[PDB]
Structure formats: C-alpha cells, structure tokens
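There is one chain below, alone, in structure tokens, taken in the form deposited in one PDB entry.
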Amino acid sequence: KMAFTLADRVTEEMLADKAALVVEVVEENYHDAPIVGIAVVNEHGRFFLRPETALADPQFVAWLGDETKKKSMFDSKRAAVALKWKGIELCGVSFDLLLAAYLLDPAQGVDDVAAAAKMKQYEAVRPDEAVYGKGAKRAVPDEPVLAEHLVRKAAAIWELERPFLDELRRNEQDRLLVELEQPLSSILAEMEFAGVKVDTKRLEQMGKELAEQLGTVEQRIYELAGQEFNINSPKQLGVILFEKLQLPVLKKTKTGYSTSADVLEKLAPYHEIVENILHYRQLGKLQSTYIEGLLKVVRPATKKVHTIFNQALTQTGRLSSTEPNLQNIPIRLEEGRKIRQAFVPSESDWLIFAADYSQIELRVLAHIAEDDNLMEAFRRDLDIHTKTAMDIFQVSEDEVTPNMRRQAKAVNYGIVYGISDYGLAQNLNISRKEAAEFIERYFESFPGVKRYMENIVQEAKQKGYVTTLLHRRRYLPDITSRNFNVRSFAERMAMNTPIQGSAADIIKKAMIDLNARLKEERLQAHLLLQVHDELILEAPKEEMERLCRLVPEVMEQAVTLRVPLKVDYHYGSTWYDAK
C-alpha cells in the first residue's frame, strides 16, 4: 500500500532540497530516448509528474540543475544523458543506488531497483521487466500503473539510501562510491553525450574495397578446398578440414571439432588453406562489425557515434562499452588498424590525443607483491620483458633475441592471468617441458610474486573475497570447492582480479583528476573515450603542447605506488595517426 499524488503541475513541496528522483527512460539505449515519467519522493510526500509538464516547467528545471538540491537516484547517468538530449542539466545527485549495489557485490548483476532492494530484503517494488514486459511484448503501461511503479522505485531509493551507505562504510567503500564512482558517472555522461565523429565516406569506401577482397579470398578458399561451403560456419568448416582434407583433430569442444585461430595456426604445416581461412574470418569481422555494424549506429546528421559506458557490469571494476563497443576497435594488425582512420575530431583544426599507461598491470603486480627484483626493474626502468628473458632463458642481455623477448612477454602477462605450462606451451607453440621451466624460473626469479600468489589465494579462502587498491571487492565463494576445475578458476580470479581491478581504480581516478585540471585551465580539450589503460581526447590543435605535459603527468600521479607509473602519448588528425 502506498499513497502518492499523480500531479498535473509542479508545486513548491516537490522542490525540497533532498529527494529520491526517478526520470524514467525505458529504451535500453537512452541516447535521444523518450522520458516516460517522473517521480519525486521527499519529506513532503510522494509525487508523479508528466515529462511534458515538469520538463517545460522552469521551476522544476531549475531544481534539477541546482547542485545544492540533493537527489538520490538509480542509474543517474541514464537520466542525465537523456536529459542532455532535451537540453536540460541534472546536478546534485548525491547517491546512486545502482553504483552502491555494484560496489557491494558486482556478482549480483543488479540492473533494476527491485534487484538492489533485494539486497536489503525490501519487497515493496516490482522488477522493471514485470511492469514493462520483455521483447516484442515490451511496452509502457497505462498511466496509473506506470505512475505507481515510478513512485515505488523512488520510495525504495529513499528508504534504501542509509542501509546501503551504512554497509559501504563498513566495507571501506563509502569514499569509493562518493569520491570515485559517482563523480566518474558524470564524466562518462559527458563523454557519451559528446560522442565521437566518424568519417563515413572513408568507412563506406573501406567497406566497398573489403567486399571486393572478401570475394577474392572466398573463391581461393573454395579452390583449395575443392568445394564451396560456408566458411563462417565452424561446423561446416570442421567437416572440410577434419573429414574431407583429413587434417589432424587437435582439439574438440562440447559441440564438435575446434576451428579456433590457435588450432588453425598449428595446422599450417599440413595445408595452406588454414592461413587463407584465418584471413577471411579477419576480413569478415572487419566488414560485419567495424564497417557495417558501425555505420548502423552513426547518427546521420552529426555523423557521431554515442557509446554507452556500462559502469556497473564487470566483475573487476572495469568499464564496458556498448552499441557500439569503442573499446575493441582494431589496432594490432595494420589491415584492421586502418578502421581508426575513420575516427576524427568533431571540429575543424582539432586533433586526437591518445595517452596510455605502459604496463600498468605489471607495475601493479610489482607493488602488491612487493617483489624486490620486479620493483627494482621498474624503479630503474629496465625493459621488463628483456629482464624476464635473461632469467627464463638464463642468458646475458646481449643474447636475448627478439623471439626470446616475445616469449618472456607471454610469461610476464601469463602469470598475471594464471597461465599453466599447458596454456603457455599452447600459446607459444613450444615444448610443454620448456614452458614449465619458464614458469619455474620466473617464480625462482620473482619469489615475491610467487609468495603473493600463494598469499592472495589464502586470503580469498579466509575472507571469501579479494580487494583492490581502492577497496573494490569481488567475492569468490568457489575458492574452496572440492572440484579441481571450479576451485582452480576461482584461484586464478583471486590472482588476477586485484590486478585488473586496481588498474581500473587508478585510471578512473585519473579521469576525475584530469577532468578537474582541464576545467581549471579552461581548456577546450575533453575526454572522448577510455580503453581500460588509455584515455582518448580531442582538442583544438593549439592545445597539444599543453596536453603533452598535462595528460601524462595527471595520469602518472593519480595514485602513488611502490613503483613509478609511466604514460606514453601521441596525437594526430585521426585516431589512427595518434600513434
């Protein structure tokens, strides 16, 4: 039972200086999406307002934009961005229930108020999916029903604020919420709304040339196979490779023969077709995802793409990026890398500026493990891959070949991801006996790291969770499973999450610090993207000199570790050229 006022005009008591606020955007992608209703709960009552009314009411808009009028919300970024597309500013958000729930336990996958309410046994609100339905049945219900849902969500936020803040504090996560994630949410809202401009003429031309090349590679594959088939079908491909051409079966999955890139690479001594097939699938992914998929989400009038950074999704503390994902744009092979030529500045005589942390996960490892030998390598800035090579190959620096260094690189990151000798041998296509020795030698060379890996798994067993530098947590209830596979997965998460998660913490704080500096110096430069360990900005060309100093300094100084942090940077006329 819950009384509320279904209001048809705004009143003074609706504008109190503390309220739970709901600004409901039901489309998953909130860019330029309709606002279907509004609810306010405060000391004076519970109210529902129509958007057309309240959003045209100068007093309500003033209240929204007034920083001293504090609002508690769930997913404030969604409301903030949807409001931006209507030219309205939302300020004063002092508590975000989505982010609070996310910090308390990312595993719960909270993405509606009812799901957060569940964490505190609060049942006086329905799941969104219950009210709106799913798939083709999805629809906004009749006003009375909508109104009650929005009011119940606001009522829930109102009552849940203190219980959530109280638990965050005993978890040592209250500052993580209010000083890191909540400020970052506003910064991400700005980035999403600004968007990134795309050179569609260039993308469309690339797509036309790619179609041509696909056709050619395709026919060559059929010629080598002696038959036509669907190359994009791992099932049909498997019949061609392992039945028709009788190539060895190196791996099976639950569904059948594996045709993974790793397997096809290993088959190259048997038949040249596998190299053609790998190329074809590369080209096809470029076409389908980064040409076609990208062109579908460009807003035709402004030629911008507006990603959504999911801030409350990953288990480690990272962001993700969707519709489109701008955190997986090709870079490692030159053919794919050219896609980046189509990401351009939003203004004339602006440039793209890209700054990345060098080896942040390995530096975080050095810090947390307190390994003398690894800390000293970074403190002296020795090449960490060449150093590991000297140890795992047992040679002097002058004897380290480029291939040995590449193998050591694989050992250095593999350790951070819990690699076994099997995985390392498969990765490097080397002897498993050898791979096991690489690992044995690594741990003899970096005994602090070995101790850290043992200790963190013990900590996980004892506490039930692991923590990052800035007190993010991930629970690991499988860490004591009797099942080898299940327990092993949890142990590798114990090892890896504090590293990936602490690196996430660091770059998040850098974004907040950087944004502060940019505004302080009245620079026009602004953030466009974050890609886990790098930040991409655009700015008028005049500001490059300043950014060359400002951006890396702010990023290097974000946190102080037991080793230095290092940032590299580049700028140019497109994302491609900022290299």
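Numbers for residues come from their place in the sequence shown, where the first is 1.
What comes next is about the form deposited in another entry, which does not appear here.
Original post:
Is it the same rigid part for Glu272 and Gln407 between this form and the one not shown?
Top reply: No, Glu272 and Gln407 sit in separate rigid parts between this form and the one not shown.
Original post:
Once you compare with this form, do the C-alpha atoms of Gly448 and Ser396 lie closer or farther in the other entry, given a change of 3 Å or more?
Top reply: Relative to this form, farther apart in the other entry.
**OP:** Over in the other structure, so in the other entry, do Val531 and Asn403 pull closer or drift farther apart at the C-alpha level? The difference is 3 angstroms or more.
**Re:** Compared with the form shown here, the C-alpha atoms of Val531 and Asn403 sit closer together in the other entry, by 3 Å or more.
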